[PDB]
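See structure below.
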Amino acid sequence: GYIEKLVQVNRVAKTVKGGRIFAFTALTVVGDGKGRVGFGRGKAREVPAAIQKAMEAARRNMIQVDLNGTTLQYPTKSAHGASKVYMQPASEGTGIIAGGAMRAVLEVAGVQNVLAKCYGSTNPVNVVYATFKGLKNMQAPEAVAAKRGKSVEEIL
Amino acid sequence: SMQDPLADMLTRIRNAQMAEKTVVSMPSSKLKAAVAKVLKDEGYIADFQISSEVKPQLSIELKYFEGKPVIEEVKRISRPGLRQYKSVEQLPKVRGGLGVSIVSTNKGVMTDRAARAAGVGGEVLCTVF
Amino acid sequence: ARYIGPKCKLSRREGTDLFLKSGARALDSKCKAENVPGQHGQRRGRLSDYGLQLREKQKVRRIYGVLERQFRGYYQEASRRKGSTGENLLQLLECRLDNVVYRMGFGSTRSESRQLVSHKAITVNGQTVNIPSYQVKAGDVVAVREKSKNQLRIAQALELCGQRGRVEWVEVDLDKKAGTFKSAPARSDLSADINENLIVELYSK
Amino acid sequence: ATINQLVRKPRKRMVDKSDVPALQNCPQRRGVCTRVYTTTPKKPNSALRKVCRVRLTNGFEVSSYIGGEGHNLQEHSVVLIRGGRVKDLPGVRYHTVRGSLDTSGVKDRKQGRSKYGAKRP
Amino acid sequence: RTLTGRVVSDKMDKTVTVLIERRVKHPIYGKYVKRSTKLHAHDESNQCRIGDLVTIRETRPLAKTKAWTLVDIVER
Amino acid sequence: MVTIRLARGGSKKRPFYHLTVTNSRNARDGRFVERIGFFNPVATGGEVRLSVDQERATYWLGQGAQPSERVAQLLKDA
RNA sequence: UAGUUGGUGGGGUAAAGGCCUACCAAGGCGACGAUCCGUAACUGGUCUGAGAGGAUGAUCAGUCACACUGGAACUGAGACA
RNA sequence: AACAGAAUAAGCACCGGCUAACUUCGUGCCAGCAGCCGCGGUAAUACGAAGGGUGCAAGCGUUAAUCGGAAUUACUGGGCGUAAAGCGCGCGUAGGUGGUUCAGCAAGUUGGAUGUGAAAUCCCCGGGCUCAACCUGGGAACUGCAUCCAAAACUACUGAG
Ligand SMILES: [Mg+2]
Ligand SMILES: [Mg+2]
Ligand SMILES: [Mg+2]
Ligand SMILES: [Mg+2]
Ligand SMILES: [Mg+2]
Ligand SMILES: [Mg+2]
């Protein structure tokens, strides 16, 4: 589906000769409010056209996320580049408390109780990779129990 | 001159599940032969054999539910030179109770789910997911 | 310190009904609630992300009439109690005495209920209370003092109860004027325009 | 670093020092003034800043800065200085409170009067 | 209360000196160091050798800096 | 001597005493051996005025503890 | 570092001790930081921190140290007041 | 409890970006501003004013001083091919770590009991002042140290291979 959310806008450039050609980039994540997200990056020549391009690439190559219901399954920790990310599920009344670019991922996924923090280099185009290695590699235990459930899930 | 044997059993397991091997053979001891019994009962390997006479070996067969293996990570906790000891209150839980943690207690090598039922603390060895 | 001044102007910035004017005459006829106040009431665009959370916090804080030194005091008692600080923050604003006088219907505005408490005209357990912060419990028999039962401020306001209904955690008696706070409210009688997941997140950073 | 090195030589946290070295742990300080220069700023500006030099009751001889729009500060007059680092001028590290003892504030000012010390009309 | 150490000195008169080892843990880095202890046990009969393994206990002071005594020699 | 006497806690014009057993040459609010009860003169509603415990008062008074003037009656009115 | 570190004999004090003295002996401590320099009354606690920790010891409470500066004893249950 | 009458009683910083909230008028590299980026050379949403607006309120602002943010002294929680960072290379004392079978022991380790860890403070459930601050009853906690009892997997010590 489609619920859109913008994060970043830049002004990249390019020197040719004579002057300097400008261009705009944008980063936009799209989710469904249930656990299907997708991010997208587009470059164009103006703001109202660079956002439209980044929205279209978001709703291609999406991710199914197996959330527990407004929370996560377990504390995990993933990294990409020089960016390290930590996330652990929380109680009911606590909302989402994260920084800038992990709120926009964790809104549209539908989770509400995420309690996150990012270390290392804060790059909004690169902390998103650090988040999607984490969420796309969840497990959601298909087991008979948890304190007992290590005889039917390990064979899954 | 290897200083720690049990961080070498776990290293060969982690490496063989990237070369996509099936059988792994390392030298044995009376502790490694008890750890692999615990990983079998929790279920991460197929079986294990102590089959020699003067250099007794340990032949472990690995599992693959997918192209991805069944063990995804494993690290040694009580490295020789740290010696991590834990009571029952401060005993850790990995992944909200979905991994296993192996604790050498007063009643033998058993997992974290077993000794916490018996209420006996001890010494951590590893945190297998 | 209260807030004394214009009162459509608060409803005119946040862009909602907000229930501040007294009578059932008309919204947006005394008020003209089409635009942001001030000179530049026509230009708009892109409320900031911090500015959204402050806009939600300032909305809830102007329905009821608190100030921020008091409002953070309620936020500490929310995080003390067990579970769901968003719901607990609302139920400490519902049990306050100036709200329950408004829920029983002894006033038109909520600011009228603040003045009826302040002039010792309201009792709680059979004894006089003149504090607009008194946290009432379940089963407190709020009644009206006999020296002022003849005020037209109370008599007229009961015809303004017709456009309100009963909130189904109180009960009011139109003869002796003695309401009964039955129990705590639930998280269904409150409107969905307020959000319990923006005020909690504002007080982190 | 390994654990057996940190036992032998533990991690020693480095310390800073005060950007205001004079007026040792106190918010204000008085002093009598000596000279009223009018110096020039650094390169990317162009102005003529007004700088007085003060001898405190500590005995220190530090330069200061005077704000506002016009000062009556003849020499040998007491002032009351406070901290504040002017980025423009070099060596200037202290402002000067208006309206406190001798400087007597400014006049015809109606925006931000608690700064610069002006009354209410 | 009863300690155990090994002798390092026979130079004084009716006075012996022990080393009592000890493993205290470091308060913040979680590692068991070894830190020593050196007492003056009151010898009584001038008959212990450098390198023994003896046993001490605490009495009232006999000289200054000498309040421990000798229980018995355990092994050579 | 040792003695059983009254401390003083609470705000202005609302006292709340404490039956302590102290050495005699101490302060009022200073050190004490132990504490055994309280005394609340302005007790109203669900509050209790006298709350002395008779076990330790059996113990100390048999070993030469010397009570005060108010404590001469508060142990009596139990 | 030479009553310095032990031993012995005698004194001395409510009380063990180089506490003191007479001879004997040449020991004692130290890189696990002695010695020396610079600063500072310590503690239960306060202030931040998710936590580990980090700073800090106003009011209240416990302990120590002084009573213009440097000494000194008496009286006495108990002071070097 | 009664009487008088709406009478007896509102400021302060900010509005270019971080950062909620804006346009005209003076000024023209002058005066001036400033926590950092930096504005001012004749049209200044940054200086000085005027309207408007936003934050807080019997207070609001600046300065001084600590801890956070700082995974920026990293035990929990970082680094060393080129960004700062591997001694010019050896040998070796103190010290740190120890292949594999039994057997013993119980110093570490786990579990339990007792003595202690002053009261206050913090935390939890209550109770009093018209509410709250404040006062106060009962509990937990004070991570500790010591003495006993038991267990024996691993480390240590001991005996044999
Ligand atoms: Mg931190
Ligand atoms: Mg008036
Ligand atoms: Mg201006
Ligand atoms: Mg830190
Ligand atoms: Mg070597
Ligand atoms: Mg206590």
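Naming scheme: A, B, ... for chains in displayed order of the structure tokens; residues 1 onward per chain; ligands 1 onward as shown.
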
Show me, as an MDAnalysis selection string, the residues that have an atom within 12 Å of residue 54 in chain F when counting only C-alpha atoms (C1' of nucleotides), minus same-chain residues fewer than 6 positions from it.
chainID F and resid 36:37 60:61 74:78

Would you output that residue set with C-alpha atoms, as a tab-separated table (two decimals), in the first residue's frame?
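Writing the result to out.tsv gives the following:
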chain	number	residue	atom	x	y	z
F	36	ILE	CA	9.97	1.95	71.05
F	37	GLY	CA	6.88	4.01	70.22
F	60	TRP	CA	14.66	-1.72	79.90
F	61	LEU	CA	12.70	-0.78	83.03
F	74	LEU	CA	1.96	7.18	79.20
F	75	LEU	CA	3.25	3.78	80.27
F	76	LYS	CA	0.62	3.87	83.03
F	77	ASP	CA	-2.28	4.57	80.65
F	78	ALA	CA	-1.98	1.46	78.50

Residues within 9 Å of residue 88 in chain C, please, as a ChimeraX atom specification. Count only C-alpha atoms (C1' of nucleotides); anything in the same chain fewer than 3 positions from it doesn't count.
/C:75,77-79,81-85,91-93

Which neighbours of residue 67 in chain D fall inside 9 Å, counting only C-alpha atoms (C1' of nucleotides), when residues of the same chain fewer than 4 positions from it are skipped, and could you give them as a PyMOL selection string?
chain D and resi 50+71+95-98+116

Which residues form the shell of 10 Å around ligand 5 when you count only C-alpha atoms (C1' of nucleotides) and all ligand atoms, given as a list in words?
residues 90, 91 and 92 of chain H

Shell of 7 Å around ligand 2 (only C-alpha atoms (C1' of nucleotides) and all ligand atoms), written as a PDB file with C-alpha atoms (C1' of nucleotides), in the first residue's frame:
ATOM      1  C1'   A H   6     -15.747  44.126  39.578  1.00  0.00           C
ATOM      2  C1'   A H   7     -14.089  47.371  42.973  1.00  0.00           C
ATOM      3  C1'   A H   9      -4.291  43.184  42.251  1.00  0.00           C
TER       4        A H   9
END

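Using only C-alpha atoms and all ligand atoms, the nearest neighbour of ligand 3 within the list D:104, D:21, D:120, D:112 is D:112.
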
Using backbone DSSP assignments, extract all strand (DSSP E) residues from chain B; output them as a PyMOL selection string.
chain B and resi 23-27+45-49+57-62+85-86+100-105+108-111+122-128

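Relative to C1' of residue 127 in chain H, CA of residue 48 in chain F is found at 9.7 Å.
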
How would you report the residues lying within 12 Å of ligand 1, as a count of residues only, if you count only C-alpha atoms (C1' of nucleotides) and all ligand atoms?
16

Residues within 12 Å of ligand 3, counting only C-alpha atoms (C1' of nucleotides) and all ligand atoms, as a VMD selection string:
(chain D and resid 110 to 112) or (chain H and resid 14 to 16 22 to 23 25 to 26 32 to 33 39 44 to 50)

Write the residues of the preceding selection, restricted to C-alpha atoms (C1' of nucleotides), as a PDB file, in the first residue's frame.
ATOM      1  CA  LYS D 110      12.261  49.791  24.439  1.00  0.00           C
ATOM      2  CA  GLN D 111      13.226  46.250  23.382  1.00  0.00           C
ATOM      3  CA  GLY D 112      15.029  44.026  25.871  1.00  0.00           C
TER       4      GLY D 112
ATOM      5  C1'   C H  14      12.437  35.924  21.895  1.00  0.00           C
ATOM      6  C1'   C H  15      10.709  35.806  16.332  1.00  0.00           C
ATOM      7  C1'   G H  16      17.712  34.127   9.658  1.00  0.00           C
ATOM      8  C1'   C H  22       6.924  38.360  10.738  1.00  0.00           C
ATOM      9  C1'   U H  23       6.110  42.119   7.983  1.00  0.00           C
ATOM     10  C1'   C H  25       9.991  52.044   8.850  1.00  0.00           C
ATOM     11  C1'   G H  26      15.046  54.201  10.056  1.00  0.00           C
ATOM     12  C1'   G H  32      25.868  48.284  16.101  1.00  0.00           C
ATOM     13  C1'   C H  33      24.625  42.369  16.849  1.00  0.00           C
ATOM     14  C1'   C H  39      24.908  39.495   9.008  1.00  0.00           C
ATOM     15  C1'   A H  44      18.368  44.511   6.145  1.00  0.00           C
ATOM     16  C1'   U H  45      12.204  38.864   7.777  1.00  0.00           C
ATOM     17  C1'   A H  46      19.637  38.972  11.822  1.00  0.00           C
ATOM     18  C1'   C H  47      21.394  46.284  13.841  1.00  0.00           C
ATOM     19  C1'   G H  48      17.493  50.518  15.914  1.00  0.00           C
ATOM     20  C1'   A H  49      12.015  51.120  16.103  1.00  0.00           C
ATOM     21  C1'   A H  50       6.397  49.968  15.077  1.00  0.00           C
TER      22        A H  50
END

Pull the closest atom pair for each residue of chain G that gets at most 12 Å from ligand 6, along with the distance in Å to one decimal, counting only C-alpha atoms (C1' of nucleotides) and all ligand atoms, ordering rows by chain and then ascending residue number, as a Markdown table.
| residue | atom | partner | partner_atom_place_in_ligand_line | distance |
| --- | --- | --- | --- | --- |
| G:44 | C1' | ligand 6 | 1 (Mg) | 8.3 |
| G:45 | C1' | ligand 6 | 1 (Mg) | 11.0 |
| G:61 | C1' | ligand 6 | 1 (Mg) | 11.6 |

Go ahead and save the residues from that selection, with N, CA and C atoms (P, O5', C5', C4', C3', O3' and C1' of nucleotides), as a PDB file, in the first residue's frame.
ATOM      1  P     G G  44      29.461   6.984  52.974  1.00  0.00           P
ATOM      2  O5'   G G  44      28.086   6.999  53.767  1.00  0.00           O
ATOM      3  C5'   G G  44      27.730   5.927  54.621  1.00  0.00           C
ATOM      4  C4'   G G  44      26.465   6.217  55.383  1.00  0.00           C
ATOM      5  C3'   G G  44      25.255   6.590  54.552  1.00  0.00           C
ATOM      6  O3'   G G  44      24.608   5.443  54.030  1.00  0.00           O
ATOM      7  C1'   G G  44      25.453   8.051  56.401  1.00  0.00           C
ATOM      8  P     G G  45      23.450   5.566  52.930  1.00  0.00           P
ATOM      9  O5'   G G  45      23.786   6.897  52.144  1.00  0.00           O
ATOM     10  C5'   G G  45      22.765   7.581  51.441  1.00  0.00           C
ATOM     11  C4'   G G  45      22.620   8.985  51.950  1.00  0.00           C
ATOM     12  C3'   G G  45      22.195  10.015  50.928  1.00  0.00           C
ATOM     13  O3'   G G  45      20.796  10.078  50.746  1.00  0.00           O
ATOM     14  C1'   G G  45      24.093  10.791  52.062  1.00  0.00           C
ATOM     15  P     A G  61      21.065  17.922  63.939  1.00  0.00           P
ATOM     16  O5'   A G  61      21.592  16.444  63.723  1.00  0.00           O
ATOM     17  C5'   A G  61      20.829  15.350  64.192  1.00  0.00           C
ATOM     18  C4'   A G  61      21.437  14.032  63.805  1.00  0.00           C
ATOM     19  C3'   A G  61      22.856  13.773  64.254  1.00  0.00           C
ATOM     20  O3'   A G  61      22.960  13.419  65.615  1.00  0.00           O
ATOM     21  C1'   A G  61      22.615  13.110  62.019  1.00  0.00           C
TER      22        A G  61
END

Which residues of chain C have any atom within 8 Å of an atom in chain A when counting only C-alpha atoms, and what is the closest pair of atoms for each, with the distance in Å to one decimal? Order the rows by chain and rising number and write it as CSV.
residue,atom,partner,partner_atom,distance
C:83,CA,A:93,CA,6.4
C:84,CA,A:93,CA,3.7
C:85,CA,A:93,CA,5.0
C:86,CA,A:93,CA,5.7
C:87,CA,A:93,CA,7.8
C:197,CA,A:95,CA,5.5
C:198,CA,A:95,CA,7.8
C:200,CA,A:95,CA,7.0
C:201,CA,A:95,CA,6.3
C:204,CA,A:97,CA,7.7

I'd like the neighbourhood of residue 179 in chain C as a count of residues only, where a residue qualifies if any of its atoms comes within 6 Å (using only C-alpha atoms (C1' of nucleotides)), though same-chain residues fewer than 6 positions away should be ignored.
4

Any idea what's packed within 12 Å of residue 157 in chain H, counting only C-alpha atoms (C1' of nucleotides), ignoring anything in its chain fewer than 5 positions away? Could you give it as number ranges by chain?
H: 104-108

Within 7 Å of range 37-40 of chain E, counting only C-alpha atoms (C1' of nucleotides), which residues qualify if same-chain residues fewer than 6 places away don't, as a list in words?
residues 15, 16, 17, 18, 19, 20, 21, 65, 66 and 68 of chain E

Would you mind exporting N, CA and C atoms of the selected residues as a PDB file, in the first residue's frame?
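The file below, selection33.pdb, is the result:
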ATOM      1  N   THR E  15      61.767 -13.985  66.423  1.00  0.00           N
ATOM      2  CA  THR E  15      60.787 -13.289  65.605  1.00  0.00           C
ATOM      3  C   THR E  15      60.914 -13.771  64.173  1.00  0.00           C
ATOM      4  N   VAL E  16      59.792 -14.164  63.589  1.00  0.00           N
ATOM      5  CA  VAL E  16      59.748 -14.738  62.259  1.00  0.00           C
ATOM      6  C   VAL E  16      58.877 -13.817  61.409  1.00  0.00           C
ATOM      7  N   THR E  17      58.937 -13.988  60.093  1.00  0.00           N
ATOM      8  CA  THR E  17      58.204 -13.132  59.169  1.00  0.00           C
ATOM      9  C   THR E  17      57.571 -13.992  58.091  1.00  0.00           C
ATOM     10  N   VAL E  18      56.282 -13.796  57.840  1.00  0.00           N
ATOM     11  CA  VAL E  18      55.550 -14.616  56.892  1.00  0.00           C
ATOM     12  C   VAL E  18      55.143 -13.783  55.682  1.00  0.00           C
ATOM     13  N   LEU E  19      54.753 -14.477  54.617  1.00  0.00           N
ATOM     14  CA  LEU E  19      54.044 -13.895  53.485  1.00  0.00           C
ATOM     15  C   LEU E  19      52.693 -14.574  53.371  1.00  0.00           C
ATOM     16  N   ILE E  20      51.629 -13.792  53.396  1.00  0.00           N
ATOM     17  CA  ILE E  20      50.284 -14.322  53.248  1.00  0.00           C
ATOM     18  C   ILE E  20      49.734 -13.803  51.932  1.00  0.00           C
ATOM     19  N   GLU E  21      49.597 -14.686  50.953  1.00  0.00           N
ATOM     20  CA  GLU E  21      49.045 -14.252  49.685  1.00  0.00           C
ATOM     21  C   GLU E  21      47.539 -14.092  49.799  1.00  0.00           C
ATOM     22  N   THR E  65      54.424  -3.825  66.721  1.00  0.00           N
ATOM     23  CA  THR E  65      54.420  -4.419  65.370  1.00  0.00           C
ATOM     24  C   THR E  65      54.582  -5.938  65.390  1.00  0.00           C
ATOM     25  N   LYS E  66      54.157  -6.588  66.469  1.00  0.00           N
ATOM     26  CA  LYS E  66      54.278  -8.037  66.594  1.00  0.00           C
ATOM     27  C   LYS E  66      53.142  -8.482  67.508  1.00  0.00           C
ATOM     28  N   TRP E  68      50.969 -11.290  66.181  1.00  0.00           N
ATOM     29  CA  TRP E  68      50.662 -12.640  65.763  1.00  0.00           C
ATOM     30  C   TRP E  68      51.670 -13.602  66.363  1.00  0.00           C
TER      31      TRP E  68
END
